[PDB]
Ligand code: NA
């Protein structure tokens, strides 16, 4: 039952180029070879290629495959493939390469990853890519990256592997497709259903998953993404701690945890098919496709990027060709009087109690510090989330003295500092003078991340608002754009202080 | 630094007889081939041989290697080897085999394990083996087995791998030498200190092990024995739960758990060297040898089978030759005022407060349901042991109405039953009539194991005492050998019932 890789053969480049390692290593570490440092998304991508995770890929797509993928969701030879995997480069580097040029791809400017043999260098129409691949919405994460982070030139080419990107965390937890397939054989695991996730798992996830295992007669592979998920989500370290904990809530010998160095595009539809392909290469006969699978969410005008079922239908439409089975996850609700989750479909809310916790409410219960029902998520998991996302009483913040203020900045700072220290509780306070220095402005969010309260005497230049981070940063000024608005610019310091103290207290930072 | 298998090459027979599996499988289940059902111990041994764990062995020892092992703890060709791995068969079967004869070794009379090409057939002097290998003391677990269970004819010969013995529990947890070494390579693990154990691990074990890793700059491998340990012990299931729980009390990425299908001989001295060899084949550069390692304990006269440090000394004396480092575990004690364990060596018992819990005191607290300090063993661990080893109020038992009783057996049993039911407490009570049947006597202990209280109307024949089991079985008689001794043979029933009730209450079974 274990699926053959996509395209019939596991492109384990690490294993195929084993004997030539030192040979490739040297060439890569020679001063005669042109060097290109891989960006974060590229590092995740290249790992899956050398890995065989992106079978049948063997390098970054050339214009021929890239175009076929963009317009037909297939490689030039017809193989289903929905996400363009290209090596984006800038004009400068582009002008130093031509077909057959040998490039060395490094990590952190010092670790030899692989040797790339160019065969194509083109300047893709990002308008068409954004439209045909990511549905053209300018706010879509992939399209934003496409235009502001991705180089404007793609470099098609074949790769020869030196070593997979270096990782120092979760060793042996990042099993390659070959290792996973071998692990499944050790356990005599025939049928395996894989679960995609870039989020923490709660009881519902544990139940829906065990259910899939039961109905599909397969074992469970919890395959969390730890490379790059949606921008601004929970760090993977925290998620992995949650996974390692929830894995213990499954009957013994039913589930296995393994991390996927994937860099998502949040391209729902196509991404789902891409996900099915990837797990297939990793050895899964079944793939769970959730509601709005890999969906960013809603845009500015509240419009959804993808339809709630777009992903499940797309994968379902290609499953026979992919030779995998799709396990659709229907929306579910909790029935208190039975202590069980059930498909919304079969519930008459008119004659049955139902409980549900939205992501917003959860984010709120972690901000406020309120209890989280044990039926929604396991105790151990909630504790883990509580540590990473502390309630406002344990959160850091920053109070910036507006430019409109005329009071003694030094005195107001001393006054605020002295005042905050009366409340105590654990938070460390500091009058922070940056002097419009980037080396110091870059530390603001670090102190806030540490729960520290910073009193900042002056504002920084607008051409640096990007160096800081708006999170928990409040402006004290007379302007209508301030978070703490003073009626005048020459108010008594005690007047000003009280306004700030009560503001913070109202926002939950101080508790008495 | 990762040692090379003992003998130079890992004898992973399963891997060398792969391209011959179907072929060998056929011969095994063929009608002509002579078949032999592998005994439980023979299964653990054969699995280690086909495994490679017993490198350089490639089959059971013949008379040449055997005698060499017995007298000089080495194999004919010199190679270090202290424990005699041989195929013990009965007389009858020995007479159907001659040199070059091929035998099919089965598991549970239906699973083809391996084909054996006989080379030797001899009747070893068990009086010499018991002496030179296990020190002679008749009460020694290995010598007892040697005479009362082991066959009298050893069959030497080579083996051809069909498949390792079947296990449905802890799949993928029982990694082979080849697998472990791979698992180590995947984690960039070079130096590995292996920890051996056939018992639960407590905080002391976690601390000593972590300390070992720190001193030898190595990762930790918890390598528990799940085959056959010491007669009458904690089943490997309970211990595995304990291991999987304590394995989580280690710094992330420091330790790894793997099960060893070893059938210990409890041969302290020699077995420690044997363990070092085995662990060496598994990829461990460091091995922990503790106080009275693999020691049976004390005999009747209260005399130790082995000296506290015989095992550490022996392995230490062969380490250079074995090419592995020995990590000695020194006796330790708990320091309350410092919350840490320290060697008895540097502790001024006079000026220092120290706490220790004996194996006997632990056994007592589990029987009584008393508290077990957090410093001694992790809560999760205690929970597990408590559930596997229930305290008296949750224990089962049997009251056997003696032969000397002249009172009505039908009425006494009924009175005991109705009286017991008054107390409640979750225990299930039953009047059990065996009629001296084996099919029924064999269930007595199963019932007691289920926490039940059995009321047995009559004693069973002496020729069947071996079919029952002494644990929590009490005799109500007049004889001085009775557990609940009665003054006369025809005491009023109410009088008898009370003596029995108060006896069970004084012994913990009843709590009010
Ligand atoms: Na990037």
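Chains as they are written, first to last, in the authors' numbering: chain A, 0 to 511; chain B, 0 to 511. Note that the Cβ used here is the ideal one computed from N, Cα and C, for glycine as well.
Residue range of the beta strand (DSSP E) that includes residue i
i, result
"residue 346 of chain A", "From DSSP, residue 346 of chain A is part of no beta strand (DSSP E); its letter is neither H nor E."
"residue 219 of chain B", "218-223"
"residue 288 of chain B", "285-288"
"residue 518 of chain B", "The structure shown does not extend to residue 518 of chain B, since chain B is modelled only from 0 to 511, so the question has no answer here."
Residue closest to residue i, alpha-carbon to alpha-carbon, out of the options
i, options, result
"residue 12 of chain B", "B/163, B/130 and B/82", "B/163"
"residue 433 of chain B", "B/6, B/409, B/134 and B/459", "B/459"
"residue 502 of chain A", "A/397, A/478 and A/64", "A/397"
"residue 250 of chain B", "B/409, B/328, B/206 and B/485", "B/206"
"residue 496 of chain A", "A/377, A/473 and A/415", "A/415"
"residue 473 of chain A", "A/453, A/45, A/100 and A/463", "A/453"
"residue 313 of chain B", "B/303, B/327, B/450 and B/301", "B/327"
"residue 218 of chain B", "B/356, B/187, B/235 and B/236", "B/187"
"residue 266 of chain B", "B/421, B/456, B/137 and B/106", "B/137"
"residue 30 of chain B", "B/66, B/102 and B/94", "B/102"
"residue 259 of chain B", "B/67, B/445 and B/42", "B/42"
"residue 130 of chain A", "A/143, A/119 and A/122", "A/143"
"residue 76 of chain A", "A/348, A/400, A/6 and A/45", "A/6"
"residue 113 of chain B", "B/60, B/122 and B/48", "B/48"
"residue 450 of chain B", "B/363, B/235 and B/425", "B/425"
"residue 338 of chain A", "A/180, A/354, A/443 and A/364", "A/354"
"residue 46 of chain B", "B/358, B/262, B/300 and B/66", "B/262"
Euclidean distance between Cα positions of residue i and residue j
i, j, result
"residue 192 of chain A", "residue 211 of chain A", "7 Å"
"residue 440 of chain B", "residue 345 of chain B", "54 Å"
"residue 413 of chain B", "residue 469 of chain B", "24 Å"
"residue 154 of chain B", "residue 87 of chain B", "7 Å"
"residue 157 of chain A", "residue 351 of chain A", "59 Å"
"residue 57 of chain B", "residue 85 of chain A", "52 Å"
"residue 505 of chain A", "residue 392 of chain A", "11 Å"
"residue 83 of chain A", "residue 70 of chain A", "11 Å"
"residue 290 of chain A", "residue 310 of chain A", "8 Å"
"residue 90 of chain B", "residue 99 of chain B", "18 Å"
"residue 379 of chain B", "residue 307 of chain B", "31 Å"
"residue 139 of chain B", "residue 190 of chain A", "48 Å"
"residue 288 of chain A", "residue 36 of chain A", "34 Å"
"residue 141 of chain A", "residue 229 of chain A", "10 Å"
"residue 167 of chain A", "residue 245 of chain A", "23 Å"
"residue 184 of chain B", "residue 0 of chain B", "12 Å"
"residue 388 of chain B", "residue 366 of chain B", "8 Å"
"residue 305 of chain B", "residue 264 of chain B", "13 Å"
"residue 430 of chain B", "residue 421 of chain B", "16 Å"
Nonlocal neighbours in the same chain, by C-beta distance under 6 Å from residue i, ignoring five residues either side
i, result
"residue 368 of chain B", "390"
Beta-carbon contacts of residue i that lie in its chain and below 8 Å, excluding the five residues immediately before and after
i, result
"residue 437 of chain B", "463 and 466"
"residue 19 of chain A", "159"
"residue 145 of chain A", "125, 128, 129 and 133"
"residue 487 of chain B", "477"
"residue 285 of chain A", "190, 191, 192, 193, 211, 215, 217, 323, 324, 325 and 326"
Element boundaries [alpha helix (DSSP H), containing residue i]
i, result
"residue 280 of chain A", "267-280"
"residue 22 of chain A", "20-27"
"residue 358 of chain A", "358-367"
"residue 304 of chain A", "Taken as a continuous stretch (DSSP letters only), residue 304 of chain A belongs to no alpha helix (DSSP H), as it is neither H nor E."
"residue 33 of chain B", "Premise fails: residue 33 of chain B lies in the beta strand (DSSP E), 33-36, not in any alpha helix (DSSP H)."
"residue 418 of chain B", "408-422"
"residue 144 of chain A", "140-147"
Residues of its chain near residue i, where Cβ-Cβ distance is below 7 Å and the 5 sequence neighbours each way are ignored
i, result
"residue 541 of chain A", "This structure does not reach residue 541 of chain A, given that chain A is present from 0 up to 511, and the question cannot be answered."
"residue 165 of chain A", "106 and 110"
"residue 331 of chain A", "203, 207, 340, 341, 342 and 343"
"residue 28 of chain B", "111"
| query | Touching or not, the stretch 271-289 of chain B and the stretch 232-249 of chain B, by the rule of three or more beta carbon pairs under 8 Å? | reply | no
| request: State whether the stretch 216-234 of chain B contacts the stretch 308-322 of chain B, with contact taken as three or more CB pairs (one from each stretch) at a distance under 8 Å. | output: no
| query | Are at least three pairs of beta-carbons, each pair with one atom in the stretch 283-302 of chain B and one in the stretch 252-262 of chain B, less than 8 Å apart? | reply | Per the Cβ contact rule, the stretch 283-302 of chain B is not in contact with the stretch 252-262 of chain B (fewer than 3 Cβ pairs under 8 Å).
| task | Count the C-beta pairs between the stretch 367-384 of chain B and the stretch 398-410 of chain B that are closer than 8 Å, then say yes if the count reaches three, no if not. | result | no
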